[PDB]
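Undergrad: Below is a structure I'd like to ask you about.
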Amino acid sequence: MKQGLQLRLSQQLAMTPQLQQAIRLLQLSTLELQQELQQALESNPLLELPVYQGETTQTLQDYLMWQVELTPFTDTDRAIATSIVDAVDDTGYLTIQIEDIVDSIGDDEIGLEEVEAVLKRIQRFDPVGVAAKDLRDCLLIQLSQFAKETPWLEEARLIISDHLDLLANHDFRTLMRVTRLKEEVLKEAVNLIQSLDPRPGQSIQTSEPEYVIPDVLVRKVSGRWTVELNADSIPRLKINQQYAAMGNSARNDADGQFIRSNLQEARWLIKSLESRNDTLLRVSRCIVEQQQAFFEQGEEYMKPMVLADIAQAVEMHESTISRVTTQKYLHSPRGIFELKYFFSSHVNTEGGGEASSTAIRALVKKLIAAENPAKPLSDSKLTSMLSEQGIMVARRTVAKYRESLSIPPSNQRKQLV
Amino acid sequence: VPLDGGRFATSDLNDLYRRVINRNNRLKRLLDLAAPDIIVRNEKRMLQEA
Amino acid sequence: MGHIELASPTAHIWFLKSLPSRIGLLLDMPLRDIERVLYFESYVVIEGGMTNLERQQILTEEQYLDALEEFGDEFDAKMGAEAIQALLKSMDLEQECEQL
Amino acid sequence: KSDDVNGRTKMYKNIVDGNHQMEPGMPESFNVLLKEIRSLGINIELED
Amino acid sequence: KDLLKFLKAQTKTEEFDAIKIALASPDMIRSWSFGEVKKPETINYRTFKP
DNA sequence: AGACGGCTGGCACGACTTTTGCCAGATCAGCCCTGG
DNA sequence: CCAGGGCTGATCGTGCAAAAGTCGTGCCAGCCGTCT
């Protein structure tokens, strides 16, 4: 070869300030978009039972104080009490350390023992052992309360005391040799412990809202299901007529010009927002066509795809499709998904075919869940199971996936039958 | 006071406030751009009515 | 509570729209003229003593135009809520009370 | 028996404890009326 | 703060006798409010926060 | 009790996706000025 | 009075490519189950 400064050929590229703004325009959500678009509308002048129910509710923390009021105590005890039950979660254990609470008092007289008292007084209130300060003892408090008469009590009390690590790593072989408990009788002690309500505060608050706005819609009319955009959601600008009919007859150059410039802007912006929409519908549509599959079938039946796959079905560039897919959610019979979502990595199976990781990762989740609970399936054992299916994933892939689904290991999910 | 839960839809108390706020914002943004007298007078009349 | 600047002046509908007219009884101005000047369709005159024009009189758009073309830039006038504010602020109360 | 927030809890405490004593304070509806009147261009306040 | 008088300072009221009424002034309205609103946006549906 | 085998997870290294960053210019048509 | 020349402005333009990011799979270290 040789080094020189010659010239090449054959290409195509063009851009401008205003067009740029028109292009970034479809990369951001309608709700966050409509904001940007309201702002345009201030700048451009030619472009356009009182309390019902209001039922105040309980709230747990609010519940804790109602009994604080009718507990008897001093002003210092009622001050620390407000401090303590101030700092308590929806779950119900306390957020701050107890020595921290002492720093919140800012009093020389106040002592840890004094705090130990007011705390424990309000530690068995409603519901049981709440304001825990790190569960272990919360369990120990609920144990505390009920009668001696129930068997296996001392057993559950021994384990819960200082053998927590033993129970969290589910190493019952070690548990047996350490605690020197009964073989497959301890099981029922552990079952007692199991039914004791960890997270006793949660209970109170339950009233949680409904909240998600689908951008596009897709819905099984006779087969060949068809996409239509969300009418209510879609933003729309409409020309002001008054001001349109006040540019010509205008007597001054200032005014006349003024009105022309704005109309120019405005017509352009309309046309640009109009563009956003069309793209996105054309595109919605083109992604669900290929992914016909998936709606009926499930997460398993998803074909593995890349943007290229969906860009070459349209005439637009890849990046463009990438900008229009971000944060749009499209509602379907099956549920609400982000449009991003469809797109994933492939892996190569037997028979030349490829499989979407998403679908394999859905597959792994069903397979792992639906197994004998005495013998957990390890990752590699699964790799082998999948290979029967044809997937030929490898073991770290599967670990990756198996740990992504927020599911812990096999030796760690082993339990007593 | 959300009716369906998805949209709160504040009515009879925040609609007029919203109206007045956006109209005053548009008027204050247009008064600095050297707008003609007719447009700014119509915007002021609309803000007065709101 | 909160506050809004509202750079543009705005009248209070509780006054001058009840059974007695407060702005009316303060400026000795009829209700129709105030209702027409609070909507940029009356163009009332604020001040000007050199010209042959009254202090509180109605001058229509064509009237204000032919007044400004003849008397020049002397008959200053306002057509918004600021007109009532200027007519009510630059007016002494003790002298008017003594006259009444 | 009214919207007085700082009085209901105190009365409940006095009844559970057996005190039978009332602390009127001030209803919240009067404060709501004051705020709604102040929402317009009319000043209003209470002296001493 | 000693955390023993702050809670008692909340539950406190004055005589409130002889309530009067008069016209409002822009200075009084500015003194009554702490902040100024500028956007008609009430609530967001992405995170449900002010 | 010690060695062997299995398990998991961190980290690395290519093959491969995707996400952000550009910034006019020339060309055509109607109206006004001027020559025929 | 009619045709020729000048000049301004109105109009058209959603991609190519460079770097950051993710992906899958392998390599190696460290813990734990089991037989000798």
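Just remember, in the structure tokens the first chain shown is A, the second B, etc., residues are 1-based per chain, and ligands are 1-based in the order shown.
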Report as a ChimeraX atom specification all protein, DNA and RNA residues lying within 10 Å of residue 39 in chain B, evaluated on only C-alpha atoms (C1' of nucleotides), omitting residues in the same chain fewer than 3 positions from it.

TA: /A:45-46,242-243,246,255 /B:27,30-31,35-36,42-45

Undergrad: For range 29-31 of chain D, work out the shell of residues within 12 Å, counting only C-alpha atoms (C1' of nucleotides) and skipping chain neighbours fewer than 6 positions away, then give it as JSON, numbers by chain.

TA: {"D": [2, 3, 4, 5, 37, 38, 44, 45, 46], "E": [16, 19]}

Undergrad: Considering only C-alpha atoms (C1' of nucleotides), return as a list in words whatever protein or nucleic-acid residues lie within 8 Å of range 24-28 of chain G, sequence-local ones (same chain, fewer than 2 positions apart) excluded.

TA: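 The neighbour list is residues 394, 396 and 397 of chain A.
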
Undergrad: Could you tell me, as a PyMOL selection string, which residues of chain C DSSP assigns to alpha helix (DSSP H) when given the backbone?

TA: chain C and resi 22-27+31-37+61-71+81-89+93-99

Undergrad: May I have the selected residues written with N, CA and C atoms, as a compact mmCIF listing (two decimals), in the first residue's frame?

TA:
```txt
# COMPACT_ATOMS: atom_id res chain seq x y z
N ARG C 22 -68.40 50.81 43.28
CA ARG C 22 -67.36 51.47 44.06
C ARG C 22 -66.45 52.34 43.20
N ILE C 23 -65.91 51.79 42.11
CA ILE C 23 -65.09 52.56 41.18
C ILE C 23 -65.94 53.67 40.58
N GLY C 24 -67.22 53.38 40.34
CA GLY C 24 -68.14 54.38 39.83
C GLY C 24 -68.34 55.54 40.78
N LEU C 25 -68.60 55.23 42.06
CA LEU C 25 -68.79 56.27 43.06
C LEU C 25 -67.49 56.98 43.44
N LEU C 26 -66.34 56.39 43.13
CA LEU C 26 -65.07 57.06 43.41
C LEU C 26 -64.64 57.97 42.26
N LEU C 27 -64.90 57.56 41.02
CA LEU C 27 -64.49 58.34 39.86
C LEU C 27 -65.63 59.13 39.23
N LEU C 31 -71.50 53.16 34.96
CA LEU C 31 -71.15 51.74 34.91
C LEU C 31 -70.85 51.26 33.50
N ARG C 32 -71.62 51.72 32.51
CA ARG C 32 -71.41 51.27 31.14
C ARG C 32 -70.03 51.67 30.63
N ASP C 33 -69.60 52.89 30.95
CA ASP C 33 -68.29 53.34 30.49
C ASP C 33 -67.17 52.51 31.10
N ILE C 34 -67.28 52.18 32.39
CA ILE C 34 -66.26 51.37 33.04
C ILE C 34 -66.25 49.95 32.46
N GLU C 35 -67.44 49.39 32.23
CA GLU C 35 -67.52 48.05 31.66
C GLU C 35 -66.97 48.02 30.24
N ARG C 36 -67.10 49.12 29.50
CA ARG C 36 -66.55 49.19 28.15
C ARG C 36 -65.05 49.47 28.14
N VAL C 37 -64.53 50.16 29.16
CA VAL C 37 -63.10 50.47 29.22
C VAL C 37 -62.29 49.34 29.85
N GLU C 61 -62.25 54.42 19.17
CA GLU C 61 -61.02 54.17 18.43
C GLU C 61 -60.79 55.20 17.33
N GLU C 62 -61.80 55.44 16.49
CA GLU C 62 -61.69 56.48 15.47
C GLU C 62 -61.58 57.86 16.11
N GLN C 63 -62.33 58.07 17.19
CA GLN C 63 -62.26 59.35 17.90
C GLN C 63 -60.87 59.57 18.48
N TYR C 64 -60.32 58.56 19.16
CA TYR C 64 -58.96 58.68 19.69
C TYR C 64 -57.94 58.87 18.58
N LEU C 65 -58.17 58.24 17.43
CA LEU C 65 -57.25 58.38 16.30
C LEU C 65 -57.24 59.81 15.78
N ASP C 66 -58.43 60.37 15.54
CA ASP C 66 -58.48 61.74 15.03
C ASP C 66 -58.08 62.76 16.09
N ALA C 67 -58.16 62.38 17.37
CA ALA C 67 -57.67 63.27 18.42
C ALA C 67 -56.15 63.27 18.47
N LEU C 68 -55.54 62.09 18.33
CA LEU C 68 -54.08 62.01 18.35
C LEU C 68 -53.47 62.60 17.08
N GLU C 69 -54.17 62.50 15.95
CA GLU C 69 -53.64 63.06 14.71
C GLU C 69 -53.68 64.58 14.73
N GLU C 70 -54.66 65.16 15.43
CA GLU C 70 -54.80 66.62 15.45
C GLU C 70 -54.01 67.24 16.59
N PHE C 71 -54.28 66.82 17.83
CA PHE C 71 -53.62 67.40 19.00
C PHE C 71 -52.21 66.86 19.21
N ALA C 81 -57.07 47.99 32.03
CA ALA C 81 -57.31 48.08 33.46
C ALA C 81 -56.42 49.15 34.09
N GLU C 82 -55.27 49.41 33.47
CA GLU C 82 -54.37 50.46 33.94
C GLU C 82 -55.00 51.84 33.85
N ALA C 83 -55.98 52.04 32.97
CA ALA C 83 -56.63 53.35 32.87
C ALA C 83 -57.38 53.69 34.15
N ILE C 84 -58.15 52.73 34.67
CA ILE C 84 -58.88 52.96 35.91
C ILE C 84 -57.91 53.16 37.07
N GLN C 85 -56.82 52.40 37.09
CA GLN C 85 -55.83 52.55 38.14
C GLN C 85 -55.18 53.94 38.11
N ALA C 86 -54.87 54.45 36.92
CA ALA C 86 -54.30 55.78 36.80
C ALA C 86 -55.30 56.88 37.12
N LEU C 87 -56.58 56.69 36.77
CA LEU C 87 -57.59 57.68 37.10
C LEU C 87 -57.94 57.68 38.58
N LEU C 88 -57.74 56.56 39.27
CA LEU C 88 -58.05 56.46 40.69
C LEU C 88 -56.85 56.75 41.59
N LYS C 89 -55.62 56.62 41.08
CA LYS C 89 -54.43 56.89 41.88
C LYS C 89 -54.04 58.36 41.87
N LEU C 93 -58.18 62.82 47.56
CA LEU C 93 -59.45 62.52 48.19
C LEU C 93 -59.96 63.65 49.08
N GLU C 94 -59.06 64.39 49.74
CA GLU C 94 -59.50 65.46 50.63
C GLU C 94 -60.11 66.62 49.85
N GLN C 95 -59.51 66.98 48.72
CA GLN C 95 -60.06 68.06 47.91
C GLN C 95 -61.43 67.70 47.36
N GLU C 96 -61.57 66.47 46.85
CA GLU C 96 -62.86 66.02 46.34
C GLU C 96 -63.90 65.95 47.46
N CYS C 97 -63.49 65.53 48.66
CA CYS C 97 -64.42 65.49 49.78
C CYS C 97 -64.89 66.89 50.17
N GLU C 98 -63.96 67.85 50.18
CA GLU C 98 -64.34 69.23 50.48
C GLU C 98 -65.28 69.78 49.42
N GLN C 99 -65.01 69.48 48.15
CA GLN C 99 -65.88 69.94 47.07
C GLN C 99 -67.28 69.34 47.20
```

Undergrad: Please measure the separation of CA of residue 90 in chain C and CA of residue 33 in chain E, giving the value in Å to one decimal.

TA: 29.1 Å

Undergrad: Could you tell me how far CA of residue 40 in chain D sits from CA of residue 19 in chain C, in Å to one decimal place?

TA: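 Between CA of residue 19 in chain C and CA of residue 40 in chain D the gap works out to 19.2 Å.
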
Undergrad: Would you give me, as a PyMOL selection string, the residues in range 152-350 of chain A that DSSP reads as strand (DSSP E)?

TA: chain A and resi 216-218+227-229+329-332+335-338+346-348

Undergrad: Let me see the file: selected residues, N, CA and C atoms, as a PDB file, in the first residue's frame.

TA:
```pdb
ATOM      1  N   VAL A 216     -49.648   3.231  22.380  1.00  0.00           N
ATOM      2  CA  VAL A 216     -50.318   2.583  21.302  1.00  0.00           C
ATOM      3  C   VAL A 216     -51.224   1.540  21.808  1.00  0.00           C
ATOM      4  N   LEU A 217     -52.156   1.189  20.883  1.00  0.00           N
ATOM      5  CA  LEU A 217     -53.118   0.037  21.256  1.00  0.00           C
ATOM      6  C   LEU A 217     -53.173  -1.184  20.300  1.00  0.00           C
ATOM      7  N   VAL A 218     -53.269  -2.500  20.666  1.00  0.00           N
ATOM      8  CA  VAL A 218     -53.235  -3.581  19.540  1.00  0.00           C
ATOM      9  C   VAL A 218     -54.188  -4.726  19.864  1.00  0.00           C
ATOM     10  N   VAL A 227     -52.855  -2.494  15.027  1.00  0.00           N
ATOM     11  CA  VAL A 227     -52.494  -1.271  15.735  1.00  0.00           C
ATOM     12  C   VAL A 227     -53.101   0.127  15.299  1.00  0.00           C
ATOM     13  N   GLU A 228     -53.579   0.836  16.312  1.00  0.00           N
ATOM     14  CA  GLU A 228     -54.111   2.198  16.239  1.00  0.00           C
ATOM     15  C   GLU A 228     -53.454   2.990  17.409  1.00  0.00           C
ATOM     16  N   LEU A 229     -53.195   4.249  17.173  1.00  0.00           N
ATOM     17  CA  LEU A 229     -52.513   4.991  18.225  1.00  0.00           C
ATOM     18  C   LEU A 229     -53.501   5.429  19.309  1.00  0.00           C
ATOM     19  N   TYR A 329     -45.096   3.165  25.592  1.00  0.00           N
ATOM     20  CA  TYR A 329     -45.602   1.956  26.163  1.00  0.00           C
ATOM     21  C   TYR A 329     -46.790   1.644  25.321  1.00  0.00           C
ATOM     22  N   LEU A 330     -46.929   0.347  24.972  1.00  0.00           N
ATOM     23  CA  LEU A 330     -48.089   0.133  23.989  1.00  0.00           C
ATOM     24  C   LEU A 330     -48.935  -0.925  24.776  1.00  0.00           C
ATOM     25  N   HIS A 331     -50.220  -0.619  24.912  1.00  0.00           N
ATOM     26  CA  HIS A 331     -51.155  -1.496  25.614  1.00  0.00           C
ATOM     27  C   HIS A 331     -51.750  -2.579  24.710  1.00  0.00           C
ATOM     28  N   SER A 332     -51.791  -3.808  25.217  1.00  0.00           N
ATOM     29  CA  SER A 332     -52.326  -4.956  24.487  1.00  0.00           C
ATOM     30  C   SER A 332     -53.080  -5.865  25.452  1.00  0.00           C
ATOM     31  N   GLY A 335     -51.011  -7.223  28.142  1.00  0.00           N
ATOM     32  CA  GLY A 335     -50.673  -6.273  29.180  1.00  0.00           C
ATOM     33  C   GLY A 335     -49.988  -5.078  28.601  1.00  0.00           C
ATOM     34  N   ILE A 336     -49.331  -4.323  29.522  1.00  0.00           N
ATOM     35  CA  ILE A 336     -48.603  -3.144  29.024  1.00  0.00           C
ATOM     36  C   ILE A 336     -47.096  -3.401  29.037  1.00  0.00           C
ATOM     37  N   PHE A 337     -46.435  -3.092  27.914  1.00  0.00           N
ATOM     38  CA  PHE A 337     -45.042  -3.314  27.801  1.00  0.00           C
ATOM     39  C   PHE A 337     -44.317  -2.061  27.298  1.00  0.00           C
ATOM     40  N   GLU A 338     -42.968  -1.985  27.521  1.00  0.00           N
ATOM     41  CA  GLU A 338     -42.353  -0.858  26.892  1.00  0.00           C
ATOM     42  C   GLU A 338     -42.000  -1.131  25.424  1.00  0.00           C
ATOM     43  N   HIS A 346     -30.167 -12.912  20.571  1.00  0.00           N
ATOM     44  CA  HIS A 346     -30.520 -14.233  20.080  1.00  0.00           C
ATOM     45  C   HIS A 346     -29.424 -15.186  20.685  1.00  0.00           C
ATOM     46  N   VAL A 347     -29.780 -16.446  20.793  1.00  0.00           N
ATOM     47  CA  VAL A 347     -28.690 -17.408  20.883  1.00  0.00           C
ATOM     48  C   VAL A 347     -28.999 -18.580  19.930  1.00  0.00           C
ATOM     49  N   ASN A 348     -27.975 -19.319  19.486  1.00  0.00           N
ATOM     50  CA  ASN A 348     -28.104 -20.292  18.402  1.00  0.00           C
ATOM     51  C   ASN A 348     -28.379 -21.700  18.969  1.00  0.00           C
TER      52      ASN A 348
END
```

Undergrad: Could you give me, as CSV, a per-residue list for chain A showing, wherever an atom lies at most 10 Å from an atom of chain F, the closest pair of atoms and their distance in Å to one decimal, using only C-alpha atoms (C1' of nucleotides) and sorting by chain then residue number from low to high?

TA:
```
residue,atom,partner,partner_atom,distance
A:13,CA,F:22,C1',9.6
A:14,CA,F:24,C1',8.1
A:15,CA,F:23,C1',5.4
A:16,CA,F:23,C1',3.9
A:17,CA,F:23,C1',4.7
A:18,CA,F:23,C1',8.2
A:19,CA,F:23,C1',8.5
A:20,CA,F:23,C1',7.5
A:306,CA,F:17,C1',7.8
A:307,CA,F:17,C1',8.3
A:308,CA,F:17,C1',9.5
A:318,CA,F:18,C1',8.7
A:319,CA,F:19,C1',7.4
A:322,CA,F:18,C1',7.4
A:323,CA,F:19,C1',8.4
A:344,CA,F:17,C1',9.6
A:345,CA,F:17,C1',9.1
A:378,CA,F:7,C1',8.2
A:379,CA,F:7,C1',8.9
A:380,CA,F:7,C1',9.0
A:396,CA,F:9,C1',9.4
A:399,CA,F:8,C1',8.3
A:400,CA,F:9,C1',9.6
A:409,CA,F:8,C1',8.3
A:410,CA,F:7,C1',9.3
A:411,CA,F:7,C1',8.7
```

Undergrad: Specify as a VMD selection string all residues of chain B found within 12 Å of chain A, counting only C-alpha atoms.

TA: chain B and resid 1 to 8 10 to 14 21 to 40 42 to 43

Undergrad: Taking C-alpha atoms for each residue, export the selection above as a CSV table (one decimal), in the first residue's frame.

TA:
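Dumped to out_4.csv:
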```
chain,number,residue,atom,x,y,z
B,1,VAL,CA,-59.7,13.3,44.4
B,2,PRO,CA,-59.0,10.8,41.5
B,3,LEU,CA,-62.1,9.2,40.1
B,4,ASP,CA,-60.6,6.3,38.1
B,5,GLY,CA,-57.3,6.4,39.8
B,6,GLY,CA,-55.2,6.9,36.7
B,7,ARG,CA,-56.1,10.6,36.3
B,8,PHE,CA,-56.9,12.8,39.3
B,10,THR,CA,-59.0,18.3,39.5
B,11,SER,CA,-62.2,20.1,38.7
B,12,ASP,CA,-63.9,23.4,39.6
B,13,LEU,CA,-60.8,24.6,41.6
B,14,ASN,CA,-57.7,24.0,39.5
B,21,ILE,CA,-51.6,30.7,34.8
B,22,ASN,CA,-50.9,29.7,31.3
B,23,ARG,CA,-52.6,32.8,29.9
B,24,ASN,CA,-50.5,35.1,32.1
B,25,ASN,CA,-47.4,33.2,31.1
B,26,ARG,CA,-48.1,33.5,27.4
B,27,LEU,CA,-49.0,37.2,27.9
B,28,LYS,CA,-45.7,37.9,29.8
B,29,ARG,CA,-43.7,36.0,27.2
B,30,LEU,CA,-45.3,37.9,24.4
B,31,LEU,CA,-45.1,41.3,25.9
B,32,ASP,CA,-41.3,41.2,25.8
B,33,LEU,CA,-41.1,40.2,22.1
B,34,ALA,CA,-42.4,43.6,20.9
B,35,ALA,CA,-45.8,42.2,19.8
B,36,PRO,CA,-48.3,44.4,17.9
B,37,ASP,CA,-51.0,46.2,19.9
B,38,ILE,CA,-54.0,44.2,18.7
B,39,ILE,CA,-52.6,40.8,19.8
B,40,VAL,CA,-51.4,42.0,23.2
B,42,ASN,CA,-56.7,40.7,23.0
B,43,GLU,CA,-54.4,38.7,25.3
```

Undergrad: Residues of chain G within 7 Å of chain A, counting only C-alpha atoms (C1' of nucleotides) - could you list those as a list in words?

TA: residues 14, 15, 16 and 24 of chain G

Undergrad: Selection from above, C-alpha atoms (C1' of nucleotides), as a JSON list (two decimals), in the first residue's frame, can you write it?

TA:
```json
[["chain", "number", "residue", "atom", "x", "y", "z"],
["G", 14, "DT", "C1'", -35.88, 12.58, 9.34],
["G", 15, "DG", "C1'", -30.20, 10.37, 7.93],
["G", 16, "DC", "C1'", -24.47, 8.74, 8.09],
["G", 24, "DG", "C1'", -22.34, -14.25, 25.15]]
```

Undergrad: One number please: CA of residue 313 in chain A to CA of residue 27 in chain A, in Å, one decimal.

TA: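 Computing the Euclidean distance for CA of residue 313 in chain A and CA of residue 27 in chain A yields 20.2 Å.
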
Undergrad: List every residue of chain E that has an atom at most 7 Å from any atom of chain A, and for each one report the closest atom pair and its distance in Å to one decimal, counting only C-alpha atoms, with rows sorted by chain and then by increasing residue number, as a Markdown table.

TA:
```
| residue | atom | partner | partner_atom | distance |
| --- | --- | --- | --- | --- |
| E:2 | CA | A:106 | CA | 6.6 |
| E:3 | CA | A:105 | CA | 6.6 |
| E:4 | CA | A:79 | CA | 6.2 |
```

Undergrad: For chain C, report every residue with an atom at most 6 Å from chain E (counting only C-alpha atoms), formatted as a PDB file with C-alpha atoms, in the first residue's frame.

TA:
```
ATOM      1  CA  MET C   1     -51.076  29.971  50.213  1.00  0.00           C
ATOM      2  CA  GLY C   2     -49.422  31.159  47.004  1.00  0.00           C
ATOM      3  CA  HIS C   3     -49.190  34.312  44.922  1.00  0.00           C
ATOM      4  CA  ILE C   4     -49.193  35.077  41.195  1.00  0.00           C
TER       5      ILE C   4
END
```

Undergrad: Taking only C-alpha atoms into account, what are the residues of chain E at most 12 Å from chain D, put as a list in words?

TA: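 Filtering chain E at 12 Å from chain D with only C-alpha atoms gives residues 8, 10, 11, 12, 13, 14, 15, 16, 17, 18, 19, 20, 21, 22, 23, 24, 25, 26, 27, 28, 29, 31, 32 and 33 of chain E.
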
Undergrad: Produce a file of the selected residues containing N, CA, C and O atoms, as a CSV table (one decimal), in the first residue's frame.

TA:
```csv
chain,number,residue,atom,x,y,z
E,8,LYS,N,-45.1,21.2,72.2
E,8,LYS,CA,-46.0,22.1,72.9
E,8,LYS,C,-46.3,23.4,72.2
E,8,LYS,O,-47.4,24.0,72.4
E,10,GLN,N,-46.6,23.9,69.1
E,10,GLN,CA,-47.6,23.7,68.0
E,10,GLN,C,-49.0,23.9,68.5
E,10,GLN,O,-49.8,24.7,67.9
E,11,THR,N,-49.4,23.2,69.6
E,11,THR,CA,-50.8,23.3,70.1
E,11,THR,C,-50.8,24.6,71.0
E,11,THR,O,-50.7,24.6,72.2
E,12,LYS,N,-51.1,25.7,70.3
E,12,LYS,CA,-51.2,27.0,70.9
E,12,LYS,C,-52.0,27.9,70.0
E,12,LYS,O,-51.9,27.9,68.8
E,13,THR,N,-52.8,28.7,70.7
E,13,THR,CA,-53.7,29.7,70.0
E,13,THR,C,-53.8,30.9,70.8
E,13,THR,O,-53.6,31.0,72.0
E,14,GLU,N,-54.1,32.0,70.1
E,14,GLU,CA,-54.3,33.3,70.7
E,14,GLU,C,-55.7,33.6,71.1
E,14,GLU,O,-56.6,32.8,71.0
E,15,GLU,N,-55.9,34.8,71.6
E,15,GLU,CA,-57.3,35.3,72.0
E,15,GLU,C,-58.2,35.3,70.8
E,15,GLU,O,-59.4,34.9,70.9
E,16,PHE,N,-57.7,35.9,69.7
E,16,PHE,CA,-58.4,36.0,68.5
E,16,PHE,C,-59.6,36.9,68.6
E,16,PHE,O,-60.5,36.9,67.7
E,17,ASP,N,-59.8,37.7,69.6
E,17,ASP,CA,-60.9,38.6,69.8
E,17,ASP,C,-60.9,39.8,68.8
E,17,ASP,O,-59.8,40.1,68.4
E,18,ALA,N,-62.0,40.4,68.5
E,18,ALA,CA,-62.1,41.6,67.7
E,18,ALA,C,-61.5,41.4,66.3
E,18,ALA,O,-60.5,42.0,66.0
E,19,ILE,N,-62.1,40.4,65.5
E,19,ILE,CA,-61.6,40.2,64.2
E,19,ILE,C,-62.2,41.3,63.3
E,19,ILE,O,-63.3,41.6,63.3
E,20,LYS,N,-61.3,41.8,62.4
E,20,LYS,CA,-61.6,42.9,61.5
E,20,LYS,C,-61.5,42.4,60.1
E,20,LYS,O,-61.2,41.3,59.8
E,21,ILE,N,-61.7,43.4,59.2
E,21,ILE,CA,-61.7,43.1,57.7
E,21,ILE,C,-61.4,44.4,57.0
E,21,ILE,O,-62.0,45.4,57.3
E,22,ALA,N,-60.5,44.3,56.0
E,22,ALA,CA,-60.2,45.5,55.2
E,22,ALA,C,-59.7,45.1,53.8
E,22,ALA,O,-59.7,43.9,53.5
E,23,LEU,N,-59.3,46.0,53.1
E,23,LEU,CA,-58.8,45.8,51.7
E,23,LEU,C,-57.4,45.2,51.8
E,23,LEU,O,-56.6,45.4,52.8
E,24,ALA,N,-57.0,44.5,50.7
E,24,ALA,CA,-55.7,43.8,50.6
E,24,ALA,C,-54.7,44.7,49.8
E,24,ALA,O,-55.1,45.4,48.9
E,25,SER,N,-53.4,44.6,50.2
E,25,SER,CA,-52.4,45.3,49.5
E,25,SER,C,-51.4,44.3,48.9
E,25,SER,O,-51.2,43.2,49.4
E,26,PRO,N,-50.8,44.7,47.8
E,26,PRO,CA,-49.8,43.8,47.1
E,26,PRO,C,-48.7,43.4,48.1
E,26,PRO,O,-48.2,42.2,48.0
E,27,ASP,N,-48.2,44.3,48.9
E,27,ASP,CA,-47.2,43.9,49.9
E,27,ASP,C,-47.7,42.9,50.9
E,27,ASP,O,-47.0,41.9,51.2
E,28,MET,N,-48.9,43.0,51.4
E,28,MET,CA,-49.5,42.0,52.2
E,28,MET,C,-49.7,40.6,51.5
E,28,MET,O,-49.5,39.6,52.1
E,29,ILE,N,-50.1,40.7,50.3
E,29,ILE,CA,-50.2,39.4,49.5
E,29,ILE,C,-48.9,38.7,49.3
E,29,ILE,O,-48.8,37.5,49.4
E,31,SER,N,-46.4,39.1,51.4
E,31,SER,CA,-46.0,38.6,52.7
E,31,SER,C,-46.7,37.3,53.1
E,31,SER,O,-46.2,36.5,53.8
E,32,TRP,N,-48.0,37.2,52.6
E,32,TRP,CA,-48.7,36.0,52.9
E,32,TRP,C,-48.2,34.7,52.2
E,32,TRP,O,-48.3,33.6,52.8
E,33,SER,N,-47.6,34.9,51.0
E,33,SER,CA,-47.1,33.7,50.3
E,33,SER,C,-45.6,33.6,50.5
E,33,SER,O,-44.9,34.5,50.8
```

Undergrad: Need to verify the contact set: residue 64 in chain A, 8 Å, only C-alpha atoms (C1' of nucleotides), exclusion of same-chain residues closer than 3 positions in sequence. Can you return it as a list in words?

TA: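 Contacts, with the query itself left out: residues 60, 61, 67, 68, 85, 125 and 126 of chain A.
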